[PDB]
Each structure stands twice: as C-alpha cells, then as structure tokens.
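Undergrad: pasting an experimental structure with its sequence.
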Amino acid sequence: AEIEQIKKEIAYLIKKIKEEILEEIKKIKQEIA
Amino acid sequence: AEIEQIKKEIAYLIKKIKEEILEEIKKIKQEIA
Amino acid sequence: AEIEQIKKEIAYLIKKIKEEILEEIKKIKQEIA
Ligand SMILES: [Cl-]
Ligand SMILES: [Cl-]
Ligand SMILES: [Cl-]
Ligand SMILES: [Cl-]
Ligand code: NI
Ligand code: NI
Ligand code: NI
C-alpha cells in the first residue's frame, strides 16, 4: 500500500513542480512580449 | 533491487522534466540572442 | 526503511532540480535587463 502511496505522491509533486517553474517562464514571456 | 529499480525509474523521470523545462527556457534564450 | 530512504533521495533531487532551473531562469532575466 505504501509504495503505491509513494508513486502517487511523486507524479503529483512533479506535476506541480513543472507548472510552478513554467509559470515563472510564462510571466517572462508576457513581460518581454 | 525492487525499490532500487523504482528509484532509478523516478530519477529518470525528474531528469526529463528538468531537461524539458530547460528547453522552454533555451527557446526564449535563443530568441533573445 | 528502504522505502523511507528512496523518499529522501527523491525529495532531494526534486528540490535541487527546481532551484537549478530557477537559477538558469534568473540568468536569462539578467540578459533581458
Ligand atoms: Cl541547496
Ligand atoms: Cl544553493
Ligand atoms: Cl543550487
Ligand atoms: Cl538561489
Ligand atoms: Ni542549499
Ligand atoms: Ni540558487
Ligand atoms: Ni546551490
């Protein structure tokens, strides 16, 4: 059960992480547009 | 070895998200040249 | 104990990866200014 809990918690964190940084990049694009 | 293998599969996953984000940053960078 | 260790190693890499990308993004923000 726990290893399956782990797999779930990681894919999710990785998704937020990816998006958290992509936003920093999106603001830069809008700015220097 | 089963959990170790799991570590390597997730590690492979982060290096890819890392590189995938860097490319979006490299695109803008290439434009800013 | 092997699951706990795998978490530590995964959280560390995710933490580093994030900042290593933000540091690259900051270099680009400097090229713009
Ligand atoms: Cl650090
Ligand atoms: Cl640091
Ligand atoms: Cl660092
Ligand atoms: Cl820093
Ligand atoms: Ni530090
Ligand atoms: Ni830093
Ligand atoms: Ni550092």
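TA: Looks like it arrived, so ask away. Numbers count the residues shown, from 1 in each chain, chains lettered A, B, ... in the order given. Ligands and ions are numbered 1, 2, ... in the order given.

Undergrad: quick one, helices of chain A?
TA: With DSSP state H, the ranges of helices along chain A come out as A:2-31.

Undergrad: name the residues of it found near chain B, please.
TA: By CB under 8 Å from any CB of the partner chain, the residues of chain A that approach chain B are A:3, A:7, A:10, A:14, A:17, A:18, A:21, A:22, A:25, A:28, A:29, A:32. Using the backbone N, CA and C atoms, a C-beta is placed for each residue, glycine as well.

Undergrad: give me the neighbour count for the fourth one.
TA: Residue A:14: 18 surrounding residues under other CB atoms under 10 Å in any protein chain shown.

Undergrad: list the residues that contact it.
TA: Residues near residue A:14 by CB atoms under 8 Å, 6 or more residues apart in numbering or on different chains: B:13, B:14, B:17, C:14.

Undergrad: swap the cut-off to 10 Å and go again
TA: Applying CB atoms under 10 Å, 6 or more residues apart in numbering or on different chains to residue A:14 gives the contacts B:10, B:13, B:14, B:16, B:17, C:10, C:14, C:17.

Undergrad: of these, grab the buried ones for PyMOL.
TA: A single PyMOL command suffices to select whichever of the contacts of residue A:14 are buried according to 16 or more other CB atoms under 10 Å in any protein chain shown:
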select buried, (chain B and resi 10+13+14+17) or (chain C and resi 10+14+17)
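
Undergrad: cool, thanks, talk later.
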